[PDB]
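Q: Following this message is one structure expressed as structure tokens.
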Amino acid sequence: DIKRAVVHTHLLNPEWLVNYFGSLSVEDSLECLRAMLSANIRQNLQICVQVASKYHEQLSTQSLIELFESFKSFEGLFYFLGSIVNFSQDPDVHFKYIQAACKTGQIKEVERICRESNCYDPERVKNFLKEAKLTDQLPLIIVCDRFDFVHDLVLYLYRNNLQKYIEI
Amino acid sequence: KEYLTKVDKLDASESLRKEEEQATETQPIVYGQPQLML
Amino acid sequence: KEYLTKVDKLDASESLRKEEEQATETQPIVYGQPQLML
């Protein structure tokens, strides 16, 4: 049981800690991250994200993000995926980034990647947008025009409410 | 009659629970701290 | 029958109270902030 840095993290320099966790990680960093998440205090929460974005370039396994999202994950997953949307072509990554941006309000950063990225299915995206009502949602009037799906957007707006959406 | 009064009190407690759910739904607004992006 | 429905709502409220008890059990984990030693 050499994994005991969860208590020493509050005193050791995070730089050399990340450097030690990046190297010599022969299927070992996963257990260390699981042990860190087992005692994920608010103080040592961001360090679990800092170490997480070093090994993804070599092996971006889904088990890690699945175990991470099992907790609350207010903005840790969003801050992690903020540097993963670029240099990536997977639609599920973008969908999980949209979910994280819907967990805590950062929707102003989603309307840009909807125009930039074009390697995702807009059907599930607009379904999730219509499901999670932001009560101030206007990325839809952008993605629908980008993918030419305003014929149902106008109907949905007229159904829910029509105050400023079509105007703006 | 007293049990119906207690049911009304339980409905008031459910309204308080709905208020707590609204507070939880508003919590993501406070969760969006700009200092967490550093 | 409506009173039995209210009893089911009370059981849901008890499940919410169990969730609150779990939150209270997790509270000492958040209470252990290492930044309090400064």
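In the structure tokens, chains take the letters A, B, ... in the order shown, each chain's residues start at 1, and ligands count up from 1 in the order shown.
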Do me a favour and pick out the residues of chain A within 10 Å of chain B, using only C-alpha atoms, as a count of residues only.
A: 14
Q: Residues of chain B within 10 Å of chain C: nearest atom pair and distance (Å, one decimal) for each, counting only C-alpha atoms, sorted by chain and number, as CSV?
A:
```
residue,atom,partner,partner_atom,distance
B:3,CA,C:3,CA,9.5
B:4,CA,C:3,CA,8.9
B:7,CA,C:6,CA,7.4
B:10,CA,C:10,CA,7.8
B:11,CA,C:6,CA,8.9
B:13,CA,C:13,CA,9.1
B:14,CA,C:13,CA,8.1
B:17,CA,C:13,CA,8.8
```
Q: Take the selection from the previous step and output its residues with C-alpha atoms, as a CSV table (one decimal), in the first residue's frame.
A:
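File written: result.csv
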```
chain,number,residue,atom,x,y,z
B,3,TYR,CA,-54.8,13.9,11.0
B,4,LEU,CA,-56.0,16.1,8.1
B,7,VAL,CA,-51.6,16.3,6.3
B,10,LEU,CA,-47.0,17.7,5.6
B,11,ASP,CA,-48.1,19.6,2.5
B,13,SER,CA,-43.3,20.7,4.5
B,14,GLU,CA,-43.5,19.5,0.9
B,17,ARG,CA,-38.9,20.9,0.2
```
Q: Go through chain C and collect every residue that DSSP, computed from the backbone, puts in alpha helix (DSSP H); the answer should be as a PyMOL selection string.
A: chain C and resi 2-31
Q: Calculate how many Å separate CA of residue 48 in chain A from CA of residue 6 in chain A, rounding to one decimal.
A: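 CA of residue 48 in chain A sits 10.3 Å away from CA of residue 6 in chain A.
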Q: Between CA of residue 5 in chain A and CA of residue 83 in chain A, what is the spacing in Å?
A: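 Going from CA of residue 83 in chain A over to CA of residue 5 in chain A, I get 26.2 Å.
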Q: List the spatial neighbours of residue 131 in chain A as a ChimeraX atom specification - criterion: any atom at most 12 Å away, only C-alpha atoms, same-chain residues fewer than 5 positions off excluded.
A: /A:99,102,124-126,137
Q: Calculated over only C-alpha atoms, which of the candidates A:51, A:157, A:30, A:24 has the smallest distance to residue 9 in chain A?
A: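 The answer is A:51, which sits nearest to residue 9 in chain A.
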